[PDB]
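A quick write-up on the structure given underneath.
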RNA sequence: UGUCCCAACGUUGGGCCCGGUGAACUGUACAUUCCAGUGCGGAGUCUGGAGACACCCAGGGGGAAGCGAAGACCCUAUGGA
RNA sequence: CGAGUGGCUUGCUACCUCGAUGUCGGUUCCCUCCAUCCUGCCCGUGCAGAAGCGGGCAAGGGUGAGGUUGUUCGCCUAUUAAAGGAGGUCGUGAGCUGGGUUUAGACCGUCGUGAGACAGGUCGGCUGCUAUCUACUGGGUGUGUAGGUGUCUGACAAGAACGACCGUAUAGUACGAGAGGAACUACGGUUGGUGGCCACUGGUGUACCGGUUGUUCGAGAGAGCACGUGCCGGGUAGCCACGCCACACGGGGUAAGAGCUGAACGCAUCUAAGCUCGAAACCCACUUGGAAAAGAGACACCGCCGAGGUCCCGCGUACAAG
Ligand SMILES: [Cl-]
Ligand SMILES: [Cl-]
Ligand SMILES: [Cl-]
Ligand SMILES: [Cl-]
Ligand SMILES: [Cl-]
Ligand SMILES: [K+]
Ligand SMILES: [Mg+2]
Ligand SMILES: [Mg+2]
Ligand SMILES: [Mg+2]
Ligand SMILES: [Mg+2]
Ligand SMILES: [Mg+2]
Ligand SMILES: [Mg+2]
Ligand SMILES: [Mg+2]
Ligand SMILES: [Mg+2]
Ligand SMILES: [Mg+2]
Ligand SMILES: [Mg+2]
Ligand SMILES: [Mg+2]
Ligand SMILES: [Mg+2]
Ligand SMILES: [Mg+2]
Ligand SMILES: [Mg+2]
Ligand SMILES: [Mg+2]
Ligand SMILES: [Mg+2]
Ligand SMILES: [Mg+2]
Ligand SMILES: [Mg+2]
Ligand SMILES: [Mg+2]
Ligand SMILES: [Mg+2]
Ligand SMILES: [Mg+2]
Ligand code: NA
Ligand code: NA
Ligand code: NA
Ligand code: NA
Ligand code: NA
Ligand code: NA
Ligand code: NA
Ligand code: NA
Ligand code: NA
Ligand code: NA
Ligand code: NA
Ligand code: NA
Ligand code: NA
Ligand code: NA
Ligand code: NA
Ligand code: NA
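Residue numbers (this note's numbering), protein chains in the order written: chain A, 790 to 931; chain B, 6 to 342; chain C, 433 to 564; chain D, 1489 to 1541.
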């Protein structure tokens, strides 16, 4: 509830990675970002493998633990984290000043960062975060 | 060559620690099949005795014969729905929306709660129906509590408040069914929900035993042969291998035992009566005398005598309910002897 | 096998010596195995009422001594439970040698036999004196 | 049923049915009665016994 | 015959909390780690990740190649007995 | 004959430790691998049936008990769905054990002039430490989130919470000359595991009651001591197990596989695009944990001079302190 985002990005049909990279880019310049419609974000490749990766990451852990998220909320933010020095006090701030959202809880339509948009007419091999999530066994709340 | 063997104890009731509420809390609920209704009750554990019965099971060759069954007596005096709680659907799970209360409060509901003085039972209702119009109305549950006073054997008076779920035909129907149950005074009883013969799930906080060794806590073996006269009698060989250079959690150690919550599955209801038909001679040891609203449960039940145990229509029943079983003889013979 | 219609608490172990309840020429029998039973690490193999066991002939006629034969538990000292809750214990532990089809190798049976034994082995039962 | 030692009515769903070497049957209502017979006592001499009352 | 199946309950002294008395071992430093990797080829301290709010009580000892003893085993010494 | 993979064995190498990283075997307790012994779904057959034989997916679960031997190994028995193999300093001695290897004593054989030797055999021959750090099991005190009471939510985490067998009917049926002899499905039970409970059976019960030996208080009455009850008989509560209760089905997605539609390639083709199905395995379901989830949550009510809480007092459904 209420996040004075300087920038509202729309992940719909966009390549998650490329997106998380540009967000990290801005969150480091102080920019208060909010990513929207994560469930509709996309990551290219062969589904059956892309999932193994994500599944494996869930199995991974022991006592200390390796908390890997399953919701398309977490998945995205965690991906963004990896593009930031989240442990240095400067990057923590940059991270925390960034938030991912399921759907669009805002009034304005999000914007699509350049070159992040995927062409559905030209690509058939890709996955919706939502699919992966449901696959991982997450509860489809969106 | 190291003969195989399953591990000692289950990693499914962990972490084996003290429970947060001496009152059990259900995680799952029965699906919305028949007419609108509350899906759970409660009462205080009284004790053990046997009831002689007629073999009900149509697939028992012995069908129709005498048969002695163990029964845990439990006092189930009428509980009271004091409000209707409604959750809404958000992309972050289910969250409470509001509550609609009454005015008629039990003379002692203040020993636990900060009983309401000025509530709006219409605007909340209003807001609820509005969420329903929108299509974001998640399930409906009533805040319920007991009358420990109603059970003399139970020393406590301070009511054990707790939320049970209402699920009926449509959502509208049970919203109303809910509203009405409340509006009056919230008073309801076992018969209202359950029926003898049916299968229910009895959740309860087990008898507490303090800190205990691994032998009693995980069912590991005491030392054997010569090993036992060596200075180690009730402790494992090792905490783990060299590497990983650490002690896992999967290894059985000393700790808290008992006073954990368990939702014991598929308990049959023999009979639901009232009066002293069940009570024993001398009196239910460490408990007292029973006389009033009760329920007879087949087998064991979590917790010691006097502990609150909740009921819920079995969510994963294996057998079809063989209603109102014939009760030929309920033993009243003393427990001491 | 078919239900005994009663709850048993095994009174025997592999290695237990018992009484041979028949005119077979066997007096003392030694338990050896338990048909259809696999234990768990360290647990010594338990045998109770109405169990088809495997036995070594301990004492008796020089023809019957040392013979590996099958048999059926017919009496034991540990209390076994009936439907109505009562308990039932015997004087001693015993079994009657049996063959492949499960028909007694001997002619007559000595001493009593629990009624629950009948339901699993009728051929042995229909040859009984007292059926308690 | 009735106890074949003491003679007190036996509570249904309670007891042991001892079977002797000859074949005879003896229902006891308690462990007290069993061990009182295993000593060599006869229900007649024991005063607390209903047989004796 | 509790050696074992297969453990239970009990007794006595400790154990635990309070008053009083009051040592030793051991200590390059830093030290909340875990999974991998890497290095004189067996890392809490390097590299990459993961995880980690601080303090405390009790425990059985997984790791510190834990502490104790300048290896008795092996070879070397223009050593000894 | 040719190409390789693993790092259980053996050997080679001499990088690492000789101011010491405790041996072999065993035990106990914990996680793992798959190159699968059983269990689930498949394929082929020299597949009638039943029973097998060979291969594929598959690591959920299981994989037990004993006789000789220090043995590992292995040989043998009876059971068994099957009684698979391997990694973790050939996992585990600041856990146990110490039977073997390998001190000092001694005997035999062999060798030797001899002291004495042996990759020959045999008898006897010790197991230190008060945990500082870390780690995990359980338990408390503070701080943060920024007044209190009660009820919640669920990021995530844990589960094997269940595995397997026998039997009845289907059936003396299908199939088969005959002998023999299935299945789907429905039931009942056992076993292993798991969680809880004590009406019942059993244990305990140096609470309690009784019998009795010795001795002392003169006798009697009533008592003390006899190791923490003299011994014996009985035994309540409770705690217990050898006692008793409870522990799915079904969906969703797939593998090996069986197929559909279908082109590249007019045809054909299960695959390339697309679609239907299909494993004890995977996701949900179900049980337990869980606002310190830093995005540090939600609701309701009370209260901010007063709601509520602590100490106090009598006690436990709780308990080593807390
Ligand atoms: Cl983890
Ligand atoms: Cl960083
Ligand atoms: Cl594509
Ligand atoms: Cl041991
Ligand atoms: Cl066997
Ligand atoms: K060395
Ligand atoms: Mg009792
Ligand atoms: Mg009784
Ligand atoms: Mg063993
Ligand atoms: Mg690091
Ligand atoms: Mg030196
Ligand atoms: Mg030397
Ligand atoms: Mg010299
Ligand atoms: Mg070297
Ligand atoms: Mg060491
Ligand atoms: Mg394979
Ligand atoms: Mg066949
Ligand atoms: Mg595994
Ligand atoms: Mg080793
Ligand atoms: Mg091992
Ligand atoms: Mg060690
Ligand atoms: Mg040592
Ligand atoms: Mg030795
Ligand atoms: Mg020797
Ligand atoms: Mg020796
Ligand atoms: Mg020590
Ligand atoms: Mg005394
Ligand atoms: Na991509
Ligand atoms: Na994970
Ligand atoms: Na000792
Ligand atoms: Na010791
Ligand atoms: Na003992
Ligand atoms: Na340690
Ligand atoms: Na080697
Ligand atoms: Na060293
Ligand atoms: Na060893
Ligand atoms: Na497997
Ligand atoms: Na052997
Ligand atoms: Na080592
Ligand atoms: Na040692
Ligand atoms: Na050892
Ligand atoms: Na499936
Ligand atoms: Na909080």
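Built from N, CA and C at the ideal position, the CB exists for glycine as well.
Buried versus exposed call for residue i [16 or more other C-beta atoms within 10 Å across all chains shown]
i	result
residue 106 of chain B	buried
residue 312 of chain B	buried
residue 469 of chain C	exposed
residue 865 of chain A	buried
residue 85 of chain B	buried
residue 97 of chain B	exposed
residue 826 of chain A	buried
residue 548 of chain C	buried
residue 133 of chain B	buried
residue 165 of chain B	buried
residue 301 of chain B	buried
residue 1524 of chain D	buried
residue 886 of chain A	buried
7 Å CB neighbourhood of residue i in its chain, flanking five on each side removed
i	result
residue 205 of chain B	199, 272, 274, 316, 317, 318, 319
residue 117 of chain B	163, 164, 166
Top-ranked residue by Cα proximity to residue i, from the options
i	options	result
residue 322 of chain B	B:36, B:30, B:14, B:278	B:36
residue 304 of chain B	B:54, B:7, B:180	B:54
residue 68 of chain B	B:327, B:101, B:269, B:341	B:327
residue 10 of chain B	B:225, B:82, B:193, B:195	B:225
residue 926 of chain A	A:803, A:859, A:802	A:859
residue 189 of chain B	B:135, B:195, B:89, B:168	B:89
residue 381 of chain B	B:307, B:26, B:79, B:253	Given that chain B is displayed from residue 6 to residue 342, the structure contains no residue 381 of chain B and the question cannot be resolved.
residue 256 of chain B	B:47, B:16, B:140	B:16
residue 1515 of chain D	D:1493, D:1538, D:1540, D:1535	D:1493
residue 802 of chain A	A:874, A:857, A:908, A:848	A:908
residue 835 of chain A	A:931, A:914, A:918, A:920	A:914
residue 467 of chain C	C:506, C:523, C:478, C:518	C:478
Residues near residue i in its chain [Cβ-Cβ closer than 8 Å; skip 5 each side]
i	result
residue 460 of chain C	449, 450, 451, 452, 489, 490, 491, 492
residue 868 of chain A	805, 806, 809
residue 922 of chain A	828, 859, 860, 861, 864, 929
Where the alpha helix (DSSP H) through residue i begins and ends
i	result
residue 840 of chain A	836–848
residue 920 of chain A	918–925
residue 187 of chain B	176–189
residue 357 of chain B	Absent from the model: residue 357 of chain B. The displayed extent of chain B is 6 to 342, so no value can be given.
residue 508 of chain C	Careful: residue 508 of chain C lies outside any alpha helix (DSSP H) and carries neither H nor E.
residue 1521 of chain D	1519–1525
Terminal residues of the beta strand (DSSP E) in which residue i lies
i	result
residue 811 of chain A	Segment 805–816 is the alpha helix (DSSP H) holding residue 811 of chain A; no beta strand (DSSP E) there.
residue 333 of chain B	332–335
residue 271 of chain B	266–276
residue 150 of chain B	142–150
residue 46 of chain B	46–59
Beta-carbon proximity list for residue i, same chain, < 6 Å, skipping 5 on both sides
i	result
residue 266 of chain B	24, 29, 210
- [ ] Could you tell me whether the segment 286–303 of chain B touches the segment 239–254 of chain B, using the rule of 3 or more Cβ pairs below 8 Å?
- [x] no
Open item on the list: Tell me whether the segment 158–166 of chain B and the segment 247–261 of chain B touch, counting them as touching only if at least three CB pairs, one residue from each stretch, are closer than 8 Å.
Closed with: Segment contact: the segment 158–166 of chain B against the segment 247–261 of chain B, fewer than three CB-CB distances shorter than 8 Å; contact not assigned.
Open item on the list: Measuring CB atoms only, is the segment 556–564 of chain C touching the segment 1490–1503 of chain D, in the sense that at least three cross pairs come out at less than 8 Å?
Closed with: no
Task: Touch test, the segment 503–523 of chain C against the segment 441–448 of chain C, Cβ-Cβ under 8 Å, three pairs minimum - done: yes
Open item on the list: Any contact between the segment 325–342 of chain B and the segment 43–58 of chain B? By contact I mean 3 or more CB pairs, one from each, below 8 Å.
Closed with: Counting Cβ pairs under 8 Å, three or more are found: they touch.
Open item on the list: With three or more C-beta pairs closer than 8 Å as the rule, is the segment 500–507 of chain C touching the segment 524–538 of chain C?
Closed with: Verdict: yes, contact present.
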